[PDB]
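There are 2 protein chains.
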Amino acid sequence: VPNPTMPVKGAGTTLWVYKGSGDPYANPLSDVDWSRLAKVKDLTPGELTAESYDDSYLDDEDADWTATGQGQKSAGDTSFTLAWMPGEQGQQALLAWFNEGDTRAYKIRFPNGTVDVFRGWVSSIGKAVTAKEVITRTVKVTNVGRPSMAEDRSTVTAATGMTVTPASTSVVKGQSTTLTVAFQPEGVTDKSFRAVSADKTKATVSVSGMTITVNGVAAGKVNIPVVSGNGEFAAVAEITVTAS
Amino acid sequence: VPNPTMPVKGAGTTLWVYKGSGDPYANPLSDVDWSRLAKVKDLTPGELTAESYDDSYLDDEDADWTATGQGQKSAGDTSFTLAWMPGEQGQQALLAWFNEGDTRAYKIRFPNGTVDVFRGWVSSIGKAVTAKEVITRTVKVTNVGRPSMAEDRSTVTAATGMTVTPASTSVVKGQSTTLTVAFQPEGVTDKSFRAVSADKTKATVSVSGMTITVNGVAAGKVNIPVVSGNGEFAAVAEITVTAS
Numbered sequence: 003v004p005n006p007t008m009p010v011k012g013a014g015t016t017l018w019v020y021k022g023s024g025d026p027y028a029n030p031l032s033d034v035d036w037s038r039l040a041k042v043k044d045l046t047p048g049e050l051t052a053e054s055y056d057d058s059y060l061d062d063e064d065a066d067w068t069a070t071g072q073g074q075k076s077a078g079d080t081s082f083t084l085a086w087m088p089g090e091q092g093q094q095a096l097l098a099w100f101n102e103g104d105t106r107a108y109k110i111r112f113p114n115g116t117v118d119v120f121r122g123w124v125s126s127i128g129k130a131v132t133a134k135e136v137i138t139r140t141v142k143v144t145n146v147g148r149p150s151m152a153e154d155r156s157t158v159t160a161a162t163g164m165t166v167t168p169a170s171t172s173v174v175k176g177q178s179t180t181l182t183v184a185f186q187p188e189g190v191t192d193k194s195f196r197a198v199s200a201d202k203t204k205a206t207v208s209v210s211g212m213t214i215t216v217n218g219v220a221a222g223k224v225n226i227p228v229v230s231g232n233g234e235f236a237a238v239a240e241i242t243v244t245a246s
Numbered sequence: 003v004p005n006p007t008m009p010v011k012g013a014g015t016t017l018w019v020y021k022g023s024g025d026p027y028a029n030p031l032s033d034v035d036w037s038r039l040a041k042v043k044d045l046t047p048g049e050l051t052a053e054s055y056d057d058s059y060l061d062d063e064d065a066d067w068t069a070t071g072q073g074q075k076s077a078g079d080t081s082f083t084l085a086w087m088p089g090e091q092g093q094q095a096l097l098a099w100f101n102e103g104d105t106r107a108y109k110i111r112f113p114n115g116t117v118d119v120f121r122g123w124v125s126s127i128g129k130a131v132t133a134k135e136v137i138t139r140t141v142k143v144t145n146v147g148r149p150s151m152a153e154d155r156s157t158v159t160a161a162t163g164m165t166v167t168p169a170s171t172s173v174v175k176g177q178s179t180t181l182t183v184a185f186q187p188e189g190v191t192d193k194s195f196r197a198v199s200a201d202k203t204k205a206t207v208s209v210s211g212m213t214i215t216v217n218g219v220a221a222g223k224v225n226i227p228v229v230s231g232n233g234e235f236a237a238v239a240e241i242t243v244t245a246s
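Protein chains in written order, with the entry's author numbering: chain Q, 3 to 246; chain a, 3 to 246.
Here's what the structure looks like:
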């Protein structure tokens, strides 16, 4: 249904903030580590500007028409307003973002399956109080550097497939096992994943660079879950830890 | 069309340096043995100046005022800033010209069909570096000897080429006749004139558009004298005005 080659109605646009380490420009589609800014009243995204540079010389033949070229770009100052919920986790993060000069990344997800990623710092934090109307928080972000517009990405293989091949065998104290994940839906992939531990008593899971290691801290039988990105696909494995 | 007798807008002025072995002042118009200095950001021609000489004596009758005469003339220094292109010929030649200290000739070609040619040595080589702005090499050349201005190779024509043909008719009240003047001794002339009546009562005169206009305010025979320049040439017109 989402067609990036056809106009969209604009309803359903969503705002996220990247509260983590790594490259937000790498995999903007995966909502892992992105915190949602819910209840957005309205949003005016930033404008990609460009300054003018004079390229005229005295020796130039004739000067009847001006000659100019592109200069610096300086794309920034995107603003929005959302319902004021001070006690909600995600707005306190916004206030902390304002209270220091941190230049964080934020993304806008459009109903046609496209994402625009910007990086900037909060330059205006305000409010509007009036009766018979929800109190609104107004925010403005000055962007720095080059954004990653939706027109930079054009392939999106959509994946649609993943499985798990675990050891599913015994585990000894002080010895850790490794489980594998197949994320090759016909080769090309554009999605990451994560894994968890059910109890954090019998076993612990370390995830990095597709390497997933289960260590049997305590004996017993535990289940290791895996969730791919936003949660489109999941998997469950079983690991047994022996006392001897 | 270039016109030395009318002001020009200065855009398109070019700078050249002599790489030949002949006489630079011989034929400045031809660009045969000349190298262009392209991408000239701006130019400042050298200013001619002559110091003062005290021409007073003890036995000079009156002293309440100072008596001075023209002293030794100097051609000043011409300073031009042009875009920095170190890999192109013309800037390497300029650097060598500054480096080995010889007195070379250069010329400025205005958008007039004229040219001002100087001789001098480079007394300054500079550079300006700043982001968002082109790197500019700044050069100052101290001029020596006598410069050859564009006024040196101008030509004046005084071949006695004034002819005056009047209306030679009967003009009426409320209507004005015209009188034509030819100033083409082979087509070229730089001398003007002045035309007026003899009594300013029978007819009122007005010169404009290289033409004479006579208004027949009063009937009778009126005389219109015309004198060219400093009284070398003249003409007399007779105009008859009728009652109607």
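Backbone N, C-alpha and C fix where the C-beta goes; we use that ideal spot for every residue, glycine too.
Top-ranked residue by Cα proximity to residue i, from the options
i	options	result
a:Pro26	a:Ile127, a:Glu135, a:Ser150 and a:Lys75	a:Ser150
Q:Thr144	Q:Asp79, Q:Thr215 and Q:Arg196	Q:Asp79
a:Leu60	a:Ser54, a:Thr68 and a:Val229	a:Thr68
a:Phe112	a:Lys134, a:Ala152 and a:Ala95	a:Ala152
Q:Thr140	Q:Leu45, Q:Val34 and Q:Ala28	Q:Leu45
a:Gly73	a:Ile127, a:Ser54 and a:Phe82	a:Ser54
a:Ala160	a:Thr191, a:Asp62, a:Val207 and a:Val229	a:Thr191
Q:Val243	Q:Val174, Q:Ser126, Q:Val124 and Q:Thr203	Q:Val174
Q:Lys21	Q:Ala85, Q:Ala95, Q:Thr165 and Q:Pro9	Q:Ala95
a:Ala239	a:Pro47, a:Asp201, a:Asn232 and a:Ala133	a:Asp201
Limits of the beta strand (DSSP E) - the one that residue i falls within
i	result
a:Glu135	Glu135 to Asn145
Q:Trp123	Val117 to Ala130
Q:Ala236	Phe235 to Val243
a:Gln74	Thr70 to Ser76
a:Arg196	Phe195 to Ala197
Q:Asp56	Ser54 to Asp56
Q:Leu84	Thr80 to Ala85
a:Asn225	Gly222 to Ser230
a:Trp18	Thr16 to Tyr20
a:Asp44	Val42 to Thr46
Q:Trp36	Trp36 to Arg38
Q:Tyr108	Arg106 to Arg111
Q:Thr167	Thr165 to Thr167
Residue i - containing alpha helix (DSSP H), residue span
i	result
Q:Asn101	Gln94 to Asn101
Exposed unless 16 or more other CB atoms sit within 10 angstroms - verdict on residue i
i	result
a:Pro88	exposed
a:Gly176	exposed
Q:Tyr108	buried
Q:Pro30	buried
Q:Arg38	exposed
a:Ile137	exposed
a:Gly218	buried
a:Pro168	buried
Q:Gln186	exposed
Q:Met212	exposed
Q:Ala197	buried
a:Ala98	exposed
a:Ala77	buried
Beta bridge counterpart(s) of residue i as assigned by DSSP
i	result
a:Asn217	a:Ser178 and a:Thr206
Q:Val183	Q:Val166
a:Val173	a:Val243
Q:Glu49	Q:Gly78
Q:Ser150	Q:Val119
Residue i Cβ short of 6 Å to the ligand MN heavy atom set
i	result
a:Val119	You won't find the ligand MN in this model; it holds no ligand whatsoever.
Checklist entry - Using Cβ-Cβ distances below 8 Å, what residues of the region 42 to 57 of chain a are close to chain Q? => result Against chain Q - using a Cβ distance shorter than 8 Å - the residues of the region 42 to 57 of chain a are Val42, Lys43, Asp44 and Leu45.
Next on the checklist: At a CB distance below 7 Å, what residues from the region 128 to 143 of chain a approach chain Q? Give them in sequence order.
Outcome noted: Within the region 128 to 143 of chain a, the residues whose Cβ lies closer than 7 Å to some Cβ of chain Q are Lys134, listed in chain order.
Checklist entry - Between the region 65 to 91 of chain Q and chain a, which residues of the former have CB atoms less than 8 Å from a CB of the latter, in chain order? => result Per Cβ criterion, the list reads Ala65, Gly73 and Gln74.
Checklist entry - When you check each C-beta in the region 7 to 32 of chain a against every C-beta of chain Q, which residues fall closer than 9 Å? => result Residues passing the 9 Å Cβ filter: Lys11, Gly12, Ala13, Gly14, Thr15, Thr16 and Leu17.
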